[PDB]
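Before any comments, here is the structure.
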Amino acid sequence: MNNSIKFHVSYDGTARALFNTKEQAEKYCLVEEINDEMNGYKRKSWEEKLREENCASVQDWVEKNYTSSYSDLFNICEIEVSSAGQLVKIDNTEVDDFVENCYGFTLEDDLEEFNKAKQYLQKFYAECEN
Amino acid sequence: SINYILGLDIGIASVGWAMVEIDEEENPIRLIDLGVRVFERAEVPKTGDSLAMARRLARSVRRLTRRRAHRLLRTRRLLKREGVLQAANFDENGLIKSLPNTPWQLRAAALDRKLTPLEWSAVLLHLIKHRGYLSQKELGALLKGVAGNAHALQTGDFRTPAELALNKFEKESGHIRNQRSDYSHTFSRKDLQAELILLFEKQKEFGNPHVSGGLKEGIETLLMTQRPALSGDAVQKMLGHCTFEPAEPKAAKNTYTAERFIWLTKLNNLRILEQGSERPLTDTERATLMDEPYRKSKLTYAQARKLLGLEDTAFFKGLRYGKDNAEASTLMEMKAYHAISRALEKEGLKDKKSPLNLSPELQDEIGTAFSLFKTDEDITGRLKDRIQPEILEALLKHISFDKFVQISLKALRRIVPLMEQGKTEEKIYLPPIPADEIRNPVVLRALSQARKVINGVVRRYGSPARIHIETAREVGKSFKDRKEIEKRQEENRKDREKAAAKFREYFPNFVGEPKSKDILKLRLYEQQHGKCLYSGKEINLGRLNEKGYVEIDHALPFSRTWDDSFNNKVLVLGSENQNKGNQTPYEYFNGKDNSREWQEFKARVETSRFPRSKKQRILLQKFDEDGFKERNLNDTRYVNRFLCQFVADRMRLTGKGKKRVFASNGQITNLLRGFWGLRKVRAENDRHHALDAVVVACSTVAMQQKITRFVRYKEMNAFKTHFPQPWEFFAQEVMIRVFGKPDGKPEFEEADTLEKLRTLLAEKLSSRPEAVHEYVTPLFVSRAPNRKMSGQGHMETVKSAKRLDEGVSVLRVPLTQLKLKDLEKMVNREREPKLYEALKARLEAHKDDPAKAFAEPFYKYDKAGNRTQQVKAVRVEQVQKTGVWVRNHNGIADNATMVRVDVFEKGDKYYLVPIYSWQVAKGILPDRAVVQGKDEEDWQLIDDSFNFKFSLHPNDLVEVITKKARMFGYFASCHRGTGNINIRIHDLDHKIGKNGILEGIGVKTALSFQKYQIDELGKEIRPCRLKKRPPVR
RNA sequence: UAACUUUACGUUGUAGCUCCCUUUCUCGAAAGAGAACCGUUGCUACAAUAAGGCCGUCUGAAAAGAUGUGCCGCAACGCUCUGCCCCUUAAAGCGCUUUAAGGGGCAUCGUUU
């Protein structure tokens, strides 16, 4: 059916990637963190971990030593969009209830404000969905 | 003022507790409190490293950079004061202006040329900056590169290493300096000193001034002066201290005395295990095999068996093998003795036949000299002035010793003569855990949190009459060990699933789900070779599934031995050998006089392929019943022994005065959990910790006795009788108090207030009025607060920030990571269109794999492309909303963590101000709230009109009463670009939110955003109000 | 284990030379060059390598200068010290404030250092 679930991994509110399942989305957070750690004083220690065990390359090493501790500030907000390009549900909350939850006002408050707020998300994720 | 017993469930990241009220005879009567205290693991979240080690590595890197900068600064000061460096040619920073950037060519041509003082300073500062490597896995590779370049200059026609460097590295490639991991470019410091002295000679020969001054010395003063290394004082301070003479430091295993001591202890803890008989080594055997570590090299267990006289089936105890005991292990070796012998063999002093003339005391001195000093120079210089020099270079050529032991030298040197022949104040509140005794971060953190829990309990209720700690099988293990345990659990699951598949295939007619008992029956019968182990008959496989024909029975009686092991069970029929009783297979099979039945019983339990440990345990019949029972009842790990001694010594316990701390074993706790009706769910919640803490706190000695007498009644016939429970409806009360929902029904709403929990208890447990007392409160898992205001200031990647007017943060990406998504965000994408389609072809050719597509070198091409240059890394624009300015405002980074998040009113709207660690270091307190979409420059500005309410830290309890629903838990994180908090439910219940967290909380319009405060016991829930904004610094 | 000595890599900045390649203007002339400017490949240098904070230290009237095998800064743990939150008791007043005492909790405080 049309509703397709995506995954917009963002760090410090800055969108970075866009995946199809949560597994790669959480794996991607590790790879970004490890490659960042390997840019300084922790690169010396991280070289053996990629070499002493047959897990060469950061991507392959994370693929098996995956941990849920993928550092903080990484946001994996899960939206789902049908084939029509219109957002329906976010995380576990419908788009009508999402704006009631994350933006804090119901549909009966101001309908035209959604065209300025709900429609605002559509173009916001229109640029994200590239 | 109430007698009670406290239990604990110490883990790596959670300490669940419980206090059980007991009567005058220490029989549990009620349950008066419980809870769980969750905390972060005291380990690096990735790879489980040591936090202190990582911080020390960072500090050492800082120290290295500081020392190199200071050394170069002193070099510049020398150049400014030794003759001249065109005084006042420096910038405002004191650096060198218009320094010639060709110092390798300067070292090459300085042999025959009159260097300009600017070029002379360039070459000199180059020499100090890249001053080589001194002797002082990865290191071996670096020494290989050092040795290779060392040999090139010795046998080559080039005097200075830099001359050969450029003159041949320019022929090989385009670079002269080291790159990534190409150690072909590294040099050596002694060769650099030789280069320096010959450079001074040449600059003197060609009449160059600024050479003969105090520089020529001061240059070596800067070049070779070095910070020294450790001494024995570090070994004393950072390790244990001898009781007899703490002043004495710790010996090293590379000494003869330590090797003899460890060998003798291994002998003292080794026995002979044959036909279920454990016998110690006899004196004649001990003398016979004592010569082995010196007569030969290694002591394999099979080698030890071959040397001595014993049966082939006789295995050895103490060899902690997980499985596959067929392969023999090695006992121990004379490391120092054999190392010295082989060094002397290789250096023309030994022939593997002559005895080692050096005395054992002399060997001890040599080992101490080699281990105390980490450099060759100090060892050779001092040696305590003991031994001849020829063997000194002989040893120093190959021998390198670095290790230590647990006992002081003298102490060992005095105990050995006596062993060769064969031989504070208690207070109300627990003191801090001694960091010296527990030298493990994770265990130290767990014990500190457990001590916090114990202190809270003592403060609230009083001194506990007894303590029933027991820790998980993961505490006291390295991170790799814990990963091995969880992995083995995973394959043990696969194996259980495959066994269930095997059982269903063998018996499709069997209905229901194969439990543990029947699957064990089938697997063991497969391992039992299709024969009962009482009468040796062939039993009906079809009748195996049904009840009555067969039943699992422990051969060793449970009442007197107290054994519950994975495979310490014998598949006996039943109704044919019901006369065993509690007699053990020694008098039921009549092994007193070696009766025939005994003989074929032993033969069928040893010839038939059964596990060796099962063959041994079934055939002991010669043990100490009480000692063995206490070995299978308690636990004697290092951590549990330390807890017992420390808690007994250093706090009040109003018990019976004999032993008021009871460390239990995991197997017995699991068994009693099974008997008392655990059922329900676990490992998806954080309250099974309190469940096991309640279970262990009811495992009093009286209860092990009620279990003992019940099992003794059950062994022989002696004829639903409930198994001994601590009180009526124990399971119902415990699972109402722990989880808040009845047994077997995890779908009901949790009774998370005192009123509804009390009503549920009264309605479901009306027959037991003692379930509702004044201390009945719903469990609230307490998370350890983290109010610290320090942490990484900014990610470790420095990104160019020239184009920070836009959002781009241009950075050099190596080609081995350039994806198709990184080609769109490339700088010279329209500027150099041909290379965009040149790189995109390689992305498409190897199917979006930069590692393989760009394994071969990529190259630019001219208009008529003719292989001009090579691309190794290319710039990649990346959007950069905000970041930290680093490297003296030359590059930008990314924010690391929010150390605090303040909140602000004025409009019934809670505006959140993120405070980062880099801001706390600079003393800057932000004045900008967060608004969705717009960047920081457009963020709301904070002034006196915004009321200040409180400040949020990670893992700090908060409550957002949004209109739709109320949400309670511990603040976790915030979406910086969206301004919504993340709330972790207290118990991390897996049926609420995303794996226990409530992401995307709408705080900007919440009815009331406030934070509470929780006691270390998880009680006293009340809001906390700040009066004024707290300063960052 | 402890801590160690390190050179070395990397990221960013600057400058030199060098790759392609923008408009640009100059030269002719239509794509090739000469000056620029702006990007940027590679190489060689120096600078920084957490954000930041302290000393020592010789001058001295100090803006500052002369100096050094210089020290601290991503952790754990703690409550002698200051501070936050929190109860408890007493004292007054005007629940609220003040004063005083006690017990904690947690760090921006303290020790390891």
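Read top to bottom, the protein sequences are chains C and A. Residue numbering for the first sequence is 1 to 130, as defined by the entry's author numbering. Residue numbering for the second sequence is 8 to 143, 153 to 439, 458 to 753, 769 to 1082, as defined by the entry's author numbering. Each residue gets a CB set at the ideal place from its N, CA and C atoms; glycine is no exception.
| query | result |
| --- | --- |
| Under 8 Å between C-beta atoms, does A:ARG1025 make it to chain C? | yes |
| Measuring only the C-alpha atoms, how far is C:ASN115 from A:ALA970? | 43 Å |
| Which class does A:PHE420 belong to by DSSP, given the choice of helix, strand or coil? | coil |
| To the nearest angstrom, how far is the alpha carbon of A:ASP394 from that of A:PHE332? | 45 Å |
| What residue range does the alpha helix (DSSP H) around A:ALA533 cover? | 513 to 540 |
| Return the CA-CA distance between A:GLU459 and A:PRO433, expressed in angstroms with no decimal places. | 36 Å |
| Would you call the CB atoms of A:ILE407 and A:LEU677 closer than 8 Å? | no |
| Would you mind working out which of C:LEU107, C:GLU94, C:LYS64, C:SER82 sits nearest C:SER4, comparing C-alpha positions? | C:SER82 |
| Please give the ranges of any alpha helix (DSSP H) in the region 895 to 972 of chain A, keeping only runs that are unbroken, at least 4 residues long and fully inside the region. | 899 to 902, 966 to 970 |
| Of all the residues that make up the region 997 to 1025 of chain A, which are near chain C by a beta-carbon distance shorter than 9 Å? | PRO1003, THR1011, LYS1012, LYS1013, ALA1021, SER1022, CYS1023, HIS1024, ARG1025 |
| Using a Cβ cut-off of 7 Å, which residues of the region 837 to 869 of chain A contact any Cβ in chain C, in chain order? | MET844, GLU845, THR846 |
| Tell me the rounded alpha-carbon separation between A:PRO818 and A:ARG786. | 14 Å |
| Should the region 949 to 964 of chain A be called in touch with the region 914 to 925 of chain A, which here means at least 3 C-beta pairs below 8 Å? | no |
| Should the region 16 to 36 of chain C be called in touch with the region 82 to 97 of chain C, which here means at least 3 C-beta pairs below 8 Å? | no |
| By alpha-carbon positions, which one of A:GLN319, A:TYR353, A:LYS206, A:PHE46 ends up nearest to A:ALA274? | A:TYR353 |
| Cβ of A:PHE541 within 8 Å of Cβ of A:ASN574? | no |
| Pull up the distance between the alpha-carbon of A:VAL857 and that of A:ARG977, whole angstroms please. | 23 Å |
| Would you say C:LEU107 lies against chain A (beta-carbon separation less than 8 Å)? | no |
| Please report how far the alpha carbon of A:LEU556 lies from the alpha carbon of A:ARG716, in whole angstroms. | 28 Å |
| I believe A:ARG507 touches A:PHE696 by the beta-carbon criterion, under 8 Å. Please report the beta-carbon distance rounded to the nearest angstrom. | Going by Cβ atoms, the distance from A:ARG507 to A:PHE696 rounds to 18 Å, so no, they are not a contact pair. |
| What runs of the beta strand (DSSP E), each 3 residues or longer, lie entirely inside the region 558 to 589 of chain A? | 585 to 587 |
| Closer than 8 Å, Cβ to Cβ, to anything on chain C: give me those residues from the region 53 to 73 of chain A, in chain order. | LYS53, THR54, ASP56, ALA61, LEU64, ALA65, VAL68 |
| Cutting at 8 Å between CB atoms, please list the residues of its own chain near A:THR391, excluding the five before and the five after it. | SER142, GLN143, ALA245 |
| Using Cβ-Cβ distances below 9 Å, what residues of the region 919 to 951 of chain A are close to chain C? | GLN927, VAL928, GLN929, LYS930, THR931, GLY932, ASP943, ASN944, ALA945, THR946, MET947 |
| Please list the residues of the region 1036 to 1051 of chain A that have a C-beta atom closer than 9 Å to any C-beta atom in chain C, keeping them in chain order. | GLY1042, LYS1043, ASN1044, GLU1048, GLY1049, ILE1050, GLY1051 |
| Is it buried or exposed for A:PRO1003, if we count other Cβ within 10 angstroms and need 16 for buried? | buried |
| If the cut is a Cβ gap below 7 Å, which residues of chain C does A:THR202 touch? | Those within 7 Å of A:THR202 in chain C number zero; the least Cβ separation is about 16 Å. |
| Quick one: which unbroken beta strand (DSSP E) runs of 3-plus residues sit fully inside the region 18 to 97 of chain A? Chain order, please. | 21 to 29, 35 to 45 |
| Would you report the Cα separation of A:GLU361 and A:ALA942, rounded to the nearest angstrom? | 58 Å |
| Just checking, does the region 816 to 836 of chain A make contact with the region 995 to 1012 of chain A on the three C-beta pairs under 8 Å criterion? | yes |
| Bridge partners of A:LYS636, per DSSP? | Paired residues: none, contrary to the question. |
| Report the rounded CA-to-CA distance for A:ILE1050 versus A:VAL1009, giving the unit in angstroms. | 8 Å |
| In chain order, what residues of the same chain lie with their CB nearer than 7 Å to the CB of A:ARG746, ignoring the 5 residues before and after it? | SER593, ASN616 |
| Terminal residues of the continuous alpha helix (DSSP H) containing A:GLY661? | 659 to 665 |
| When the Cα atoms are used, what is the spatial distance from A:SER57 to A:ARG175? | 46 Å |
| So, do the region 543 to 550 of chain A and the region 734 to 744 of chain A have three or more beta carbon pairs nearer to each other than 8 Å? | no |
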